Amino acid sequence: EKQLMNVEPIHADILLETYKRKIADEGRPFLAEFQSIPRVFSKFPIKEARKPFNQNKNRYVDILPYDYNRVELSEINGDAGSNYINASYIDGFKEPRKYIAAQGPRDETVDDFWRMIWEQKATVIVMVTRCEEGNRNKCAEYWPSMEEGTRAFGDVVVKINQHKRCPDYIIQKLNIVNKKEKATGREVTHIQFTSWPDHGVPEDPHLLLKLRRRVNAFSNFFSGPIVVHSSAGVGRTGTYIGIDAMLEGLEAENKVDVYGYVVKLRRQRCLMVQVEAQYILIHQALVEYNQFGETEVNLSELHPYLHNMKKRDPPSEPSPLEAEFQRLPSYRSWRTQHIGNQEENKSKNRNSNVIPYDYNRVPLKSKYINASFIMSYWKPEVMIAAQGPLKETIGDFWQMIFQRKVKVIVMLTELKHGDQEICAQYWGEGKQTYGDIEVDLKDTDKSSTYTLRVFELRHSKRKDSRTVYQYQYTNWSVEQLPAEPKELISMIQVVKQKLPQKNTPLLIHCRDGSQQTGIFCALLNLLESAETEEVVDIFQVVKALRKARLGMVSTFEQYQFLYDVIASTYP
C-alpha cells in the first residue's frame, strides 16, 4: 500500500448527485480520486513476465502481470518458461478469481491463449476490442471465420457454430476440444464488443450495462474463470470488470466503493482502469443503472411482462409502466438550439418550440432547415426526422432530400385539416421545379391504408434522374393514435423493403417531425432489434429519441403504444 485517499463509499440515493458534484468543473474531484491510484504496486514482484524467453509473449512491456496472481500454463517440460502467459486472475465483488484479465494474444501467442482456455476450463470469453485499430494491430484473431468453420490452435480444436452480428457486439458460439486427450468438447461463448475505443469510452453507458446484461446471461458449465481481454488486458477490460463487479455490489449492499475496488484492481493487475474517462464511465454506469434500472424485455416474456407492467394494483397509484415512463428524463433544453432560433430562421419552423438541437440539425448544403438526424438501430445508419415543409421551404425540403440522397419519404400527416394546413405540398401533377433541382411525379398509387407517389428527380446536370418513393400514411391524426396498428406495421414492411441495406436513405415527417414521427422512428428501431435479437428495450430506444429532438414520445399514450404494437405483432 501507499498513500491514496479515503473516499466515502457512495450509497444508492446520494449516487445521482454525488455523481453530479463529483463531475463539476471538468470533474477534477474524479481526476484526483483517479490520479491517486498507482499505476502499479512496487511491492508485488514481476520477475516472470520479464524473463527473456518470455518477452516476445507480451504485447507492450508497459503492462506485465504480477508474479503472485499470474495465470500459469501447464509446464511443457523442456520448453523454458512454457508456463508464462500474460494474464492475471481478478477477484470479483466476492467470488475470488472470478475473471482473468488477459492481454490480447499475439500471433506468436494464439496457441498459448487457447491452451489457457482449455486448462482453466473457461466457457466465457469477453473480448472488448477490435483486432485492428488505427492500422495498428491490437489483437490477433484467435478464432475461425464462420466460413473456414473449424481451426485448431495447437491441440485445441475450435469449431464455430454460430455468428450473431449485433450493432455493438458479435456473439459467437464455439465448441472446443483437446485432441491429444480423450475429454469432450465444451460449449464456449465469445462476445466481441466493437463500440468501445482503445484508450477511450463507448457512446453511451447503456451499451456497457448492455453487454454486462448479456455476459451475465451466458452459461458457465465449469465454474471457470471469465476471460476478459482487450489489447493490453488492463484498460477497457478492467473498466468492464469495474461495472460488472460494482453492479453486484450495488444489488447487494446498495453502496459502491469504486475507488476502493479500482485500487484492489491495480493491486491484481498493472494499471487496470487506465483513463479518467473510463473511471468516470464506471460511475455513470452505476448511476444510470440505479436511475432507470433494467428495461429490456425479451420477446419470450414481452406479453406476460407488459400485462403486469400495466396492472397498477392499488388503483390509487400509477402502473409499473407509468412508473417507467415517468422515469424517462426528458432532455428539456438539453443542448444548444441557437441556429433554429435565429431571426430569419424563426420563420422556417412550423412549430416554434420544436427546433432541432444545434447538435444534430441537418446542414442544408450551411443553410437552415427544420429537420434533424435520428440514430438508427444499425449504427451508423441514420434517418432524417423532419417536419412538414412550409410553403415557404417547400424548396429547401427538396434540396435536402437530394444532398442527403433520400430514397424513401414517409409522410404521416394529411395536407390539411379542412382549413388549417398540416403540411405544404412539395409535390405537383406537373414537372415542378425548385432551384438547382426539379421533381416530377411519375406515379400516384393509392390504397385504403396509405398512398405511394413515385418521383423522379433531376437537376440541370441531366441523365441522373433519381427515383424517390414517398409513402403517405393517412390513418393517423395528431389526435388519436394509429387506428388500425397492424397496417401501420405493414406500411413499414414495404418501406424497409424499398431501402437498400448499408450504404441517409430514409426521411420521416409530420407537422413538427416529433409528434407522430417519434412513434414511427421508435418502432423502426424496436422492430429491428426485435428481429435481430428478439430483445426489446423500448425505454432506452425512447430515451435516445428524446435526446435528439424535442418532441418524441411525450405522452404515456404513445409510450404505452410502443409496447402494445411491439407486443401484438409477436404472439
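All residue numbers refer to positions in the sequence shown, first residue = 1.
- Counting the deposited residues that fall between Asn503 and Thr504 and carry no coordinates gives a value of 10 or more.
- Going from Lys379 to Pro380, the model skips none of the deposited residues; the chain is continuous there.
- Between 20-28 and 549-557, the higher mean Cα B-factor belongs to 20-28.
- Taking the mean C-alpha B-factor of each stretch as recorded, 237-245 and 313-321 are not equal, and the higher mean is that of 313-321.
- Residue-level inspection of the entry shows that, of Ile85, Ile409, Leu415, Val188, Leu415 has the top Cα B-factor.
- In the PDB entry, the Cα temperature factor peaks, among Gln192, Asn77, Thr444, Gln120, at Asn77.
- Placement of the Cα temperature factor of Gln497 within the chain: middle third of the modelled residues, per the deposited record.
- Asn54 sits in the highest third of its chain by CA B factor, as recorded in the PDB entry.
- In this PDB entry, the Cα temperature factor of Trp334 sits in the top third of its chain's modelled residues, the highest group.
- Annotation for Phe539: C-alpha temperature factor in the lowest third relative to the rest of the modelled chain, per the entry.
- Sort the chain's modelled residues by C-alpha temperature factor and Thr517 lands in the lowest third, per the entry.
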